[PDB]
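There are 2 protein chains.
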Amino acid sequence: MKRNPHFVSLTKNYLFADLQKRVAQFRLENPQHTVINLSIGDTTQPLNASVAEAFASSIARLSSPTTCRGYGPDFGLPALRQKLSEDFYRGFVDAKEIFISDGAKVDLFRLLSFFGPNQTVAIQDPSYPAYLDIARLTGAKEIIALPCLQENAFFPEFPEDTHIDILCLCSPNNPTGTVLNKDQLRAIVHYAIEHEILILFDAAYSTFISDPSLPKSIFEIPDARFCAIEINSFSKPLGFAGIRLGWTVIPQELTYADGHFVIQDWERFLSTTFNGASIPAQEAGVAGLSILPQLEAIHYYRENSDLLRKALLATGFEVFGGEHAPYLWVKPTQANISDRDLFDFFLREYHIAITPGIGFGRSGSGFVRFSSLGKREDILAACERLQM
Amino acid sequence: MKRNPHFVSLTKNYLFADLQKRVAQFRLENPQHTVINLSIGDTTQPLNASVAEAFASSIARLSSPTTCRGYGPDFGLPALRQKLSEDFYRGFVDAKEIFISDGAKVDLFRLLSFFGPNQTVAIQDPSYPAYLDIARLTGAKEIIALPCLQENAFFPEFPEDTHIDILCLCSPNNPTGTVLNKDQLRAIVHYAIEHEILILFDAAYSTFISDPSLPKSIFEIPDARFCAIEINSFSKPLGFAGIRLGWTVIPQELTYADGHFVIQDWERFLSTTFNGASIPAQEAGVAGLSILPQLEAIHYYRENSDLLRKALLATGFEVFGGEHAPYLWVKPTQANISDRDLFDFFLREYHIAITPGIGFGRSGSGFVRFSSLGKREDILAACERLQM
């Protein structure tokens with residue numbers, strides 16, 4: 001066997017692994033300098049109680065002799081496909097267009113592998129680092145970075161006459177924490193149809209959206225069904241620890257250049273390469289959809305975000321995002337801390353670990369990403385250090 | 001987007017779907033002719049009780065605030081990797097060589113996609129139909145069918161000076177129900193090393209092996225670590241309904257032509273494209289490994305198989321396999337029932353649905369596959385019809 005060449009292009013980093021070992025390093029050499037890590041995370045948040053109950057009840061069902069498979073589909077439990085259609089998508093998407101998977105990282109990889117090698121793929125800049133790697137691994141001819149800058153309300157800057165096959169969009173965005181609004185999405189969809197671009201719309205942070213005016217799905221947007229696919233899943237920090245579940249939406253209307261429907265090939269691809277999500281995870285998901293309006297956890301984290309924003313602004317920082325996603329995209333203004341300086345700057349001046357914007361790509365230059373997903377104690381501490 | 005060409009090569013069938021609709025059809029037009037379906041299946045068999053208990057206990061743990069991620073790896077729960085190493089592989093495989101996934105269909109697809117397009121892949125003939133499809137979908141240059149015939153004790157007939165990159169092996173085999181013994185595997189491994197072939201060894205039926213002399217893993221075979229990967233998982237019919245779990249074994253020693261280690265690239269590939277198996281499924285797996293020696297279910301099905309074999313032989317049928325797998329590979333002898341005749345022949349003469357051998361490939365000609373995975377009532381009925 002020869003080595004895979006699609007493979008040799010990789011180096012990734014890993015951005016967060018390296019930042020983590022560096023935080024550990026700093027902790028070694030600064031034992032009395034207590035560090036509030038906002039560069040990532042908080043796990044520890046437990047599986048929601050009613051979700052867990054449903055999961056166990058499904059297990060109890062599986063162990064009794066009836067029973068019952070249930071091999072799915074394949075495409076998912078009808079009850080989950082239907083509940084996603086109705087409650088999650090507010091009727092914008094039909095049950096038959098929803099394909100249940102075990103999560104949004106696998107799905108992106110399945111989708112990019114489904115579309116094949118030699119595609120040119122555009123991604124927002126700053127970029128979700130996972131995307132570039134999957135793009136390279138699935139054999140992209142080129143990756144085109146699309147500057148999203150606050151001066152443009154984060155609308156991606158499309159390159160003049162450059163061929164794009166796939167546009168990956170993450171909204172709410174990692175790292176900017178911003179959301180493309182209805183007007184912005186309408187223009188992007190119009191742009192995509194005009195240039196024969198397929199949109200992969202990653203909406204995994206959509207539960208974080210906090211004004212009901214904003215779109216939650218790209219299928220709220222005129223003409224999206226002729227050029228877009230959505231991927232989504234439950235947010236672990238919101239209480240889905242242990243639930244391996246996601247979904248992909250393929251509109252009935254979406255076609256290849258020759259008029260073949262994407263959905264028919266996707267169905268065949270999935271059947272050939274995939275066994276379905278587990279029955280208990282799916283039944284847990286049905287119960288998850290029910291408590292999604294409730295969720296005290298979302299409120300807890302929006303509080304974290306508001307707490308952070310105020311401190312940051314009061315210290316003369318410029319703050320973007322954080323309203324509709326668990327990230328704040330933060331610009332000093334300035335003391336001209338260079339890109340290679342930023343991480344040490346925040347550690348040394350505030351004992352706060354962040355992720356420097358530049359690790360996310362060139363348009364991250366000058367910025368830092370704050371994670372809102374942490375204990376209230378750590379957030380409050382962080383606000384003290386900034387208030388000094 | 002243009003259509004995927006790797007895709008347009010597909011037609012598969014589906015062999016079992018078509019056979020099923022035909023059994024339903026026959027049931028329509030023959031209401032008083034009761035049909036014993038041995039062409040597939042029996043699901044309904046419930047999740048093992050101690051496995052279910054472990055699963056629920058993991059859920060209870062996830063819902064309590066500690067807690068605790070647990071993102072894995074990535075490569076799997078240390079307790080499961082270690083228990084597979086020690087109990088499942090009897091020490092033949094180290095924990096660090098075992099990569100936990102959500103199942104053996106996904107893993108085959110991951111592996112073939114990991115090795116890349118344009119490979120030439122050899123598969124046993126008669127073939128596990130799923131393999132050909134994944135091979136085509138991942139971009140194989142050619143698929144080479146390897147006749148496995150009873151005259152040769154089912155040893156695959158390798159083609160004279162023909163370039164092979166990957167050899168897929170399924171042992172115990174679907175559809176022949178036979179097992180390649182230590183001597184046969186030793187020769188295949190020697191052949192593979194000499195021709196620079198990588199073996200993908202699918203051992204998903206290995207729990208069915210009933211003499212402790214036979215190898216259960218290819219890593220019992222001299223020199224296998226220089227040319228082989230194993231894939232495996234729990235058998236659903238044995239009591240793992242609802243458990244989305246498999247594993248891949250990459251030996252530390254395995255290298256590409258240039259001397260790079262496969263295991264290092266596999267680790268990177270998996271991290272980039274995969275989030276891990278669910279924690280509850282893995283903890284359930286640990287408990288599954290414990291009861292694997294016990295398993296009344298294996299005994300139940302071996303009984304089914306012995307029952308079938310006797311009836312078949314007493315009716316002058318030639319029977320192969322069935323000792324170490326839940327399939328019997330059966331030859332009339334003859335009444336010269338053509339290949340297109342066989343399914344109707346068994347339905348009409350015995351009210352037994354089987355899968356004709358020819359659906360599995362050219363070397364299936366003249367044979368029929370019996371499934372041993374059914375209720376004792378249906379097996380006994382089937383034996384009556386054959387005893388006439």
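These protein sequences, in sequence, are chains A and A'. A prime marks a further copy of an entry chain. The first sequence maps to residues 1 to 388 in the entry's author numbering. The second sequence maps to residues 1 to 388 in the entry's author numbering. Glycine residues also receive a C-beta, built at the ideal position from the N, C-alpha and C atoms.
Could you list which residues in chain A have their beta carbon closer than 7 Å to that of residue i, in chain order?
{"i": "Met1(A')", "result": "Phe115, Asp165, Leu198, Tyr256, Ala257"}
{"i": "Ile279(A')", "result": "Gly242"}
{"i": "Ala56(A')", "result": "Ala56, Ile59"}
{"i": "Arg27(A')", "result": "Within chain A, no residue comes near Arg27(A'); the closest Cβ sits about 20 Å away, beyond 7 Å."}
Along the chain, where does the beta strand (DSSP E) containing residue i start, and where does it finish?
{"i": "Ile199(A')", "result": "198-202"}
{"i": "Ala382(A)", "result": "Not the beta strand (DSSP E): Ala382(A) falls in the alpha helix (DSSP H), residues 376-387."}
{"i": "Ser371(A')", "result": "368-371"}
{"i": "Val262(A)", "result": "First-last for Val262(A): 262-273, but that is the alpha helix (DSSP H), not the beta strand (DSSP E)."}
{"i": "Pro147(A')", "result": "142-147"}
{"i": "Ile166(A)", "result": "166-170"}
{"i": "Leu328(A')", "result": "327-331"}
With 16 other CB atoms within 10 Å as the buried threshold, where does residue i fall?
{"i": "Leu77(A')", "result": "buried"}
{"i": "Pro251(A)", "result": "buried"}
{"i": "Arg90(A')", "result": "exposed"}
{"i": "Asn152(A')", "result": "exposed"}
{"i": "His324(A')", "result": "buried"}
{"i": "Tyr205(A')", "result": "buried"}
{"i": "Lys21(A')", "result": "exposed"}
{"i": "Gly139(A)", "result": "buried"}
{"i": "residue 389(A)", "result": "With chain A covering only 1 through 388, there is no way to say anything about residue 389(A)."}
{"i": "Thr34(A)", "result": "exposed"}
{"i": "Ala79(A')", "result": "exposed"}
{"i": "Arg348(A')", "result": "exposed"}
{"i": "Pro156(A')", "result": "buried"}
{"i": "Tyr350(A)", "result": "buried"}
{"i": "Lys182(A)", "result": "exposed"}
{"i": "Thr273(A')", "result": "buried"}
{"i": "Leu28(A')", "result": "exposed"}
{"i": "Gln124(A)", "result": "buried"}
{"i": "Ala187(A)", "result": "exposed"}
{"i": "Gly259(A)", "result": "exposed"}
{"i": "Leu84(A')", "result": "buried"}
Which residue marks the beginning of the alpha helix (DSSP H) containing residue i, and which one marks its end?
{"i": "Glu318(A)", "result": "That residue, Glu318(A), is in no alpha helix (DSSP H); its beta strand (DSSP E) goes 318-321."}
{"i": "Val93(A)", "result": "Segment: none, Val93(A) is in no alpha helix (DSSP H) and carries neither H nor E."}
{"i": "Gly285(A')", "result": "279-291"}
{"i": "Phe346(A')", "result": "342-350"}
{"i": "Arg69(A')", "result": "Note, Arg69(A'): premise wrong, no alpha helix (DSSP H); not H, not E."}
{"i": "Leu295(A)", "result": "From DSSP, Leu295(A) is part of no alpha helix (DSSP H); its letter is neither H nor E."}
{"i": "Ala17(A')", "result": "15-29"}
{"i": "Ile59(A)", "result": "49-62"}
{"i": "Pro46(A')", "result": "Where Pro46(A') is concerned, there is no enclosing alpha helix (DSSP H), given that its DSSP letter is neither H nor E."}
{"i": "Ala79(A)", "result": "78-83"}
{"i": "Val35(A')", "result": "Note, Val35(A'): premise wrong, no alpha helix (DSSP H); not H, not E."}
{"i": "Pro5(A')", "result": "5-8"}
Give me the chain A' residues within the contact set of residue i, using Cβ-Cβ distance strictly less than 7 Å, ordered along the chain.
{"i": "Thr162(A)", "result": "Per Cβ cutoff of 7 Å: no residues; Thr162(A) is ~17 Å from chain A' at best."}
{"i": "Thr315(A)", "result": "What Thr315(A) touches in chain A': nothing, since even the nearest Cβ is about 32 Å away."}
{"i": "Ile134(A)", "result": "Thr272, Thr273"}
{"i": "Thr176(A)", "result": "What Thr176(A) touches in chain A': nothing, since even the nearest Cβ is about 23 Å away."}
{"i": "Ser63(A)", "result": "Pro46, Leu47, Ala49, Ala52"}
{"i": "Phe109(A)", "result": "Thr273"}
Chain A' partners of residue i, CB-CB under 9 Å?
{"i": "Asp102(A)", "result": "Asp102, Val106, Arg244, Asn275, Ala277, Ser278"}
{"i": "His260(A)", "result": "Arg3"}
{"i": "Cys68(A)", "result": "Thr43, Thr44, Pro46, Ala241"}
Does the Cβ of residue i lie closer than 7 Å to at least one heavy atom of the ligand FAD?
{"i": "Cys383(A)", "result": "Of the ligands one can find in the structure shown there are none, so the ligand FAD has no counterpart to examine."}
Could you tell me which chain A residues have their CB closer than 8 Å to the CB of residue i, listed as they occur along the chain?
{"i": "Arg302(A')", "result": "By Cβ distance, chain A contributes nothing, its closest Cβ being about 20 Å from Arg302(A'), past 8 Å."}
Could you list which residues in chain A' have their beta carbon closer than 8 Å to that of residue i, in chain order?
{"i": "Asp265(A)", "result": "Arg3, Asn4, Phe7"}
Since residue i meets chain C, which of its residues come closer than 8 Å, beta carbon to beta carbon?
{"i": "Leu137(A)", "result": "Among the chains of the structure shown, chain C does not appear; the protein chains present are A and A'."}
Pick out the complete alpha helix (DSSP H) segments inside the region 172-248 of chain A, 4 residues or longer, and give them in chain order.
182-194
Can we say the region 329-338 of chain A touches the region 361-371 of chain A, given the rule of at least three CB pairs closer than 8 Å?
yes
Quick check on the DSSP output: what are the complete beta strand (DSSP E) runs of length 3 or more inside the region 94-138 of chain A', in order along the chain?
98-101, 120-125
Validate contact between the region 308-321 of chain A' and the region 105-116 of chain A' using beta carbons, cut 8 Å, 3 pairs
no
With a cut-off of 8 Å, do at least 3 Cβ pairs link the region 61-81 of chain A to the region 41-55 of chain A'?
yes
For the pair the region 143-150 of chain A' and the region 296-314 of chain A', tell me if three or more CB-CB distances fall below 8 Å.
no
Any contact of the region 240-247 of chain A' with the region 264-282 of chain A', i.e. 3+ C-beta pairs under 8 Å?
yes
Does the structure place the region 168-182 of chain A close enough to the region 117-136 of chain A that three or more beta carbon pairs sit under 8 Å?
yes
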